[PDB]
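So you can see what is in the structure, the chains are spelled out below.
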Amino acid sequence: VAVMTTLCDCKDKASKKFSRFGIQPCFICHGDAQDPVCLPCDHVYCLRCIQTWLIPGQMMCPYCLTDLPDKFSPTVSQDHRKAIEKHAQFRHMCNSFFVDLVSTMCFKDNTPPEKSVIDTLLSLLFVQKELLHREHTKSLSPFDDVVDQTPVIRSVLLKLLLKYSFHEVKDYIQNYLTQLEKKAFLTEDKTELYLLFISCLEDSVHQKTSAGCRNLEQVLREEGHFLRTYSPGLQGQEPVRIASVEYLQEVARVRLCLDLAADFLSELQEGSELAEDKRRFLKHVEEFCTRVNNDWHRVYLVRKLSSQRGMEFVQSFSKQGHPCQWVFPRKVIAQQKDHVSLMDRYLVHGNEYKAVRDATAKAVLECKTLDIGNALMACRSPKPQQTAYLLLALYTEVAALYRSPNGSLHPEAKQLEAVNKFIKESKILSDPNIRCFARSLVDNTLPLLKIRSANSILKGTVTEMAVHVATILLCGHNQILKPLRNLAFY
Ligand SMILES: [Zn+2]
């Protein structure tokens, strides 16, 4: 309190000495002014505020109620601007010093500070009702002359308050939550605030676990014990408003547990047996997933699995009898076929490769080949990128046909003659380089499909990247691509 009053009256005296006894911002916007205008009552208001408020029949002062004689004509471009800049520099220095002081002195060790200090820290953030919007939130400003015209919630105070153990900081954050939901965030999208809180708690628990000196087995034992003794207690904080801190801690803990579990599942998929102890953790995860029906946890698990590894990971993971099926719901496995196809990632260009690839697919299933020509003739992005899309569509169609065993060697079933006639007729790709590339591609003699990769997972991605960079080089008549062309082809 003593140092806070020292900072406050130091700022007051500094401003008084700097700019002639008390520069004050605009009373309407309550923030630092742009293009300052000086009233006869030694008042500084914003140009926009004064132009939007002094136009009607209220030629007076919102602060001290003094009549304005003529107009807001006198503006000071010499003293007010420099004084405002100096006071802003001092206020930013004070804010940075205050945040550094609270970060260092208030959390030196594992002992929390007193109570009134935390209460004043969480109470100074507001600009509570003044006679005139009301009750804005600040970016840790010990002063009252800085606001924003929107209630904004940060997380620096919350994060710095979660550094200690969660057992002794629940009431303070609970009071802060009740304040925010009672005064600024009564009825709105509370999902954003809930996810902000849960992410802050994930960060805090990650800091606590990583910074500590403990082996992984102790944490695994505690996690398994919690999983095996977790009473649901879900219905307590569900319906519309109630969200206890304990519930948030529990869901954060299960988030961390399933994050690690997905990491371990990916590691098992890319590796050998799991040392007979990680298997117990995965079995506990499976029993937890099959015991509770809150399928959001498995949704998050598969989302994290896709983020770490990719869509192809779950695509191969969703087969028909692999001993890892508990990560799917009872409905996804029910109506999923064995004909899951690869992904047409070349849609980056936008609404042009899709049409040509659909035309190529229709020409593949049928015998007519005029559809791809019609699709090519009805689009922008001329000849270079046009032929790029055409040949990429042909490659992806032939790859989809070959990789799937049911329709292997499909073009050889009276369809390669159609594509050969299409190449012969249309002159859009009747260039020797494109012609020989297509001749290699159609009969699958290109030396890229036979990558002989034992993993057979990323080999499709590798071939896709190789053929895509080859297409970019072939269709790119650019000076920057000449060395790459020479490296790839000569
Ligand atoms: Zn203003």
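Residues numbered from 1 in each chain as written, not as in the entry; some residues may be left out. Part of a larger assembly, values for the part shown. Heavy atoms only, no water.

- Structure determination for this entry is recorded as cryo-EM, at 3.80 Å resolution.

1. Here's the deal with the layout of surface pockets
At step 1: There is about 1100 Å³ of room inside the largest pocket.
At step 2: Around the largest pocket sit 39 residues that line it, and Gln315, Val340, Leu342, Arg403 and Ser404 are the ones nearest its centre.
At step 3: Tallying contributions element by element places helix α15 (residues 383–403) first for the lining of the largest pocket, with seven residues.
At step 4: Among the residues forming the lining of the largest pocket, the class breakdown is 14 nonpolar, 15 polar and 10 charged. (1 Å grid on protein atoms, 1.4 Å probe; cavity = no way out; pocket = protein on both sides within 12 Å on 5 of 7 lines; lining within 4 Å. Points joined across faces, edges and corners; volume = space filled by probe spheres on them. Helix = DSSP H or I, 4+ residues; strand = E, 2+ residues; numbered from the N terminus. Nonpolar A, V, L, I, M, F, W, Y, C, P; charged D, E, K, R; others polar.)

2. What to know about the coordination of the zinc ion
Ideal geometry at a metal gives 109.5 degrees between four tetrahedral donors and either 90 or 180 degrees between six octahedral ones.
At step 1: Listed as protein donors to the zinc ion are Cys26 (SG), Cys29 (SG), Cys46 (SG) and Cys49 (SG); their distances from the metal cover 2.3 to 2.6 Å.
At step 2: In the primary structure, the donors to the zinc ion are separated according to the pattern C-x2-C-x16-C-x2-C. Here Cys49 lies in helix α2 (residues 47–53) and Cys29 lies in the loop between α1 (2–18) and β1 (37–38), a separation of 20 residues in the sequence. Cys49 matches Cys29 in its accessibility class, with the two residues each being buried. (Donors = N, O, S within 2.8 Å, 3.2 Å for Na, K, Ca; no water. Buried < 20%, exposed > 50% of the residue type's maximum accessible area, 1.4 Å probe, protein only.)

3. Some words on the pattern of salt bridges
At step 1: The final tally for this structure, using the stated rule, is 12 salt bridges.
At step 2: The partner of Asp32 in a salt bridge is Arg91, and the shortest N-O contact between them spans 3.5 Å. Placement of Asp32 in the loop between α1 and β1 and of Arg91 in helix α3 (residues 80–105) is noted, with a sequence separation of 59 residues between them.
At step 3: On the accessibility criterion, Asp32 (38% relative accessible area) is partly exposed.
At step 4: Residue classification places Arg91 among the buried residues on the basis of a relative accessible area of 3%.
At step 5: Between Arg357 and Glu397 there is a salt bridge, with its nearest N and O atoms 3.0 Å apart. Taken together, the residues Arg357 in helix α13 (residues 353–365) and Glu397 in helix α15 connect sequence positions 40 residues apart. Accessibility classification places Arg357 together with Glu397 in one group, the buried group.
At step 6: Residues joined in a network through salt bridges with shared partners are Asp344, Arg357, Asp358 and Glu397. (Salt bridge = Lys/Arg side-chain N within 4 Å of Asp/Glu carboxyl O.)

4. As for unusual backbone geometry
At step 1: In this structure, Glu135 is a non-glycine residue whose phi angle is positive, near 65°.
At step 2: Residue position: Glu135 is located in the loop between α4 (115–123) and α5 (156–161).
At step 3: Its relative accessible area of 13% is what places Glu135 among the buried residues.
At step 4: Positive phi outside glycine occurs at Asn351, with the angle close to 60°.
At step 5: For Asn351, a relative accessible area of 71% puts it in the exposed group.

5. Focus: empty space enclosed by the protein
At step 1: The computed volume of the largest cavity comes to approximately 310 Å³.
At step 2: For the lining of the largest cavity, the secondary structure elements donating two or more residues are α13, α15, α16 (416–425) and α17 (432–442).
At step 3: When its volume is computed, the second largest cavity comes out at roughly 180 Å³.
At step 4: Lining the second largest cavity are 14 residues, with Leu265, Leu282, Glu286, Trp326 and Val327 positioned closest to its centre.
At step 5: When residues of the lining of the second largest cavity are traced back to their parent elements, those giving at least two are α10 (278–291) and α11 (296–308).
At step 6: With five residues, the top contributor of residues to the lining of the second largest cavity is α10.

6. Remarks on the nonpolar core
Soluble, globular proteins show a tendency: their nonpolar side chains are buried together.
At step 1: Counting residues in each nonpolar core, the largest one holds 27 residues, and the members touching the most others are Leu227, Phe281, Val285 and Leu301.
At step 2: Those elements giving two or more residues to this core turn out to be α8 (216–228), α9 (245–269), α10, α11 and α12 (311–317).
At step 3: Among the elements that take part in this core, α9 stands out by supplying eight residues, more than any other.
At step 4: Ranked by size, the runner-up nonpolar core spans 25 residues in total, among them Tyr353, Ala375, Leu391 and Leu441. (Core = buried A, V, L, I, M, F, W, Y, C linked by side-chain atoms within 4.5 Å.)

7. Side note on a negative patch on the surface
At step 1: Taken together, the side chains of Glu217, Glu273, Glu276 and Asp277 define an acidic patch exposed on the protein surface.
At step 2: Within the secondary structure, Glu276 sits in the loop between α9 and α10.
At step 3: For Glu276, a relative accessible area of 57% corresponds to the exposed category. (Patch = residues over 30% accessible without salt bridge, like charges linked within 9 Å, V, L, I, M, F, W, Y side chains within 5 Å. Areas by Shrake-Rupley, 256 points an atom, 1.4 Å probe, with all protein chains shown as cover. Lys, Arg positive; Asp, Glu negative; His and termini not counted. Charge placed at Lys NZ, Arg CZ, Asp CG, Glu CD.)

8. Here we look at the environment of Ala363
At step 1: Along the chain, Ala363 falls in helix α13.
At step 2: Taking relative accessible area as the criterion, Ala363 reaches 15% and is therefore assigned buried.
At step 3: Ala363 sits 56 residues away from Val419 along the chain, and the two C-alpha atoms are 8.7 Å apart.
At step 4: Among residues more than four places away in sequence, those in contact with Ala363 are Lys368, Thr369 and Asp371. (Contact = heavy atoms within 4.5 Å.)

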